[PDB]
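There is one chain below, alone, in C-alpha cells, taken in the form deposited in one PDB entry.
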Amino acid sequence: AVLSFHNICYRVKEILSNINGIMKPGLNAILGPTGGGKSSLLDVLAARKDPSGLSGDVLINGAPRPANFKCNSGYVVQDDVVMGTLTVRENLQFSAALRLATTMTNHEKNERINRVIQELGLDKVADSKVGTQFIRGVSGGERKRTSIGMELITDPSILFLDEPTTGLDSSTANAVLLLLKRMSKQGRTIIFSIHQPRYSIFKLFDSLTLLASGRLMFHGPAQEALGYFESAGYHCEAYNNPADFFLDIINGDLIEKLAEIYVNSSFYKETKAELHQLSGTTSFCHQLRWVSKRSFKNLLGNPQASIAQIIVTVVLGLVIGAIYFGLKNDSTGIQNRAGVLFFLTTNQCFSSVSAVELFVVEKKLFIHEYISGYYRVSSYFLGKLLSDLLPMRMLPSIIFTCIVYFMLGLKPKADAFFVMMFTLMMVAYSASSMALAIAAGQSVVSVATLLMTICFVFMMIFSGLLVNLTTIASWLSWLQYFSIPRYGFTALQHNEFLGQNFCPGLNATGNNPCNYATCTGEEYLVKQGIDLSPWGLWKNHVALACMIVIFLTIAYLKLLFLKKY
C-alpha cells in the first residue's frame, strides 16, 4: 500500500501550495505548526475534504484513488467519537456489524473482534463501559485504543490517524505510538499528524513529512530529517529536541526562502523520479436495526433525562387527575371540563425540548460514521427517531392516559381510551418533531426562548380556549392552523362532548331574553366552532400527521445538507 500525491494545490485562500511525496508502507508522519497544512494535508490524503478544490493527483499503488476509499481506509479522528455509554466489545460489535459484510457470519465476526481485542491489548477492559470523562470506566489511552480498534475491523490496508497523542499523558502517548509500530509490522501503512512531538517518539517514524503555512518543508525518512537541516547551514544545539527544533527553524527563531531549499534538494528529485514513474454495502433494515439497538443501549446508559420525564409525567398525571376528579355532571361543569382537556392535550409541552439535541449531541460521530460508509442518512435518521419515539414519546402518553383514567371513569368504552391515547401521542410527537426541526443549532438561552415563544403564541394565544378564535379578524385568525394543541384540543373535545347532556332533567332551553341557557355538548361544539361529523375527529389527526411529516422532513434535510467535510 503506497499512497502517493503530486502538486496538490488545495484552495478554499490557497491554504496548501504545491505538495508531493510518497507514503511508504511504514509509520509515516506529518509534522508542523497547527495553522499549516498539518491537519489539511491529512484530510486531503483521506477523503475528509471537499474534492472540488483539490487540483492534484492522489494515487494508491500506481492507480488513482477510488471513490470506494473511505470504506477501505480508516480515519481515527482526533476528538474521540466513540460511544461513552457502551462497552468496548459492543462498540466493536457495532462497527463490525456495519462495516463487515452481512455475507459472513457472527461466529467469524466475533473472532475478528476478539482478535482485534487481543491485538490492541484491551482484554482487561474489554467489557468495561467506555467513558468520555462523563462516566468513568476506562482510561483515556484505552479510549483512544477503542477508537483505533473501531477502524480496524474492516481490515484497512492503509490507516489514517489525526493527532493520536493530544490530550493524553506522555506515558499513554508513548504506549499508543508503540502500539502503532507494533501493528505497523504487518505492512499496514499508518499516516498521521502530530502536535508537538518529542525525541522519544521520533525513532518510530518510517518516513516523515513536514508542512508549514501551506508550503512543504521536508518529506523524507527521519534518519536524514535532521541531516537535511544540518546540510542547510543550521546547527542542532547540544541536548536540544530535534522535533521542536524543526519548529524553532520555521518560527523565525523568510518562509519563502526556507521552502525553496527543499525544492532544490536531493529528495525532491529522487521523489519526483519515482513519482513520474508512478504517474506514467449493507441492507437498509440491517443499518436501521443496528442504529436503533445502539441508541437503545445508549438510552439505558444515560437514563437521567428519561426517568425525569417519566417522573414529571406521573406527577402531572396525578395532579390533573386529582383536579379532574372533582368534575361531575354538575353545574360547575363545561368551562372547567374544557380546561382539563387542554391540560390533557398540552401535558407534554415540557418534554418537547428533550428532543432538541437528538442529532446535535452526536453530530461529530454522525459525520464521521456517514462519510466512513457505515449507514445512509435516511437510515441513521429513521433508526434514531425510532429510538426516541418508543421510550420518550409514546411511553409517557401511555402512562399519562393510564394514570388519568385510573383516577376517573367518564365514558366506559375502551375506545375513548384509544382515541385519547392516540391523540396525546400525535400531539406529543408533533411538538417534539417541531422542536427537532425549528431548533437545532442554537444556545441554551435561545433554544428555551424559542420554545417558550412558540409555547406562548401557538399554544396559549392561538390554540383557542381563552380567546374565542371566531372573533379575531381574518388576518390573525389564520395563525390557528399552525398551532399544535388546537388540533389535540379539538380532537379531545370531539371525543368528550358527544351525546352527553350534562344536565340531568334541567333543560331550560328557550330562555331568549336571558343568556346562555345551553348545556349539551352538541350545542357546545357549534359554539366552539368545530365539526360534529366523524371527519371532524380525524381532521385534526391528519393535520397533525401533516405537521409531523413536514417537520421531520425539515429535520431530515438539515441532516442531508450538512457540511460533512
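Here, rigid core means the biggest group of C-alpha atoms that superpose within 1.5 Å across both forms. One-based numbering along the sequence shown.
Residue 317 is built in all of the other entries compared, counting only those with both neighbours built, so it is not a gap in a third. Of the other compared PDB entries of this protein that include residues on both sides, at least a third leave residue 280 without atoms. Missing coordinates between residue 253 and residue 254 amount to 10 or more residues of the deposited sequence. Going from residue 280 to residue 281, the model skips 10 or more deposited residues, which lack coordinates.
Although not depicted, the form deposited in another entry is the subject of the following passage.
Once you line up the core between this form and the one not shown, the CA of 489 is the only one from 218, 290, 489, 246 that shifts by 2 Å or more. Residue displacement note: residue 317 has its CA displaced by at least 2 Å between this form and the one not shown (rigid core superposed).
Comparing the forms between this form and the one not shown, the C-alpha position of residue 175 differs by less than 2 angstroms, with the core used for superposition. In a rigid-core overlay of the protein, residue 110 has its C-alpha displaced by under 2 Å between this form and the one not shown. In the other entry, the Cα positions of residue 134 and residue 160 lie at least 3 Å farther from each other than in the form displayed. Here's the thing about residue 170 and residue 134: their CA atoms end up at least 3 Å farther apart in the other entry than they are in this form.
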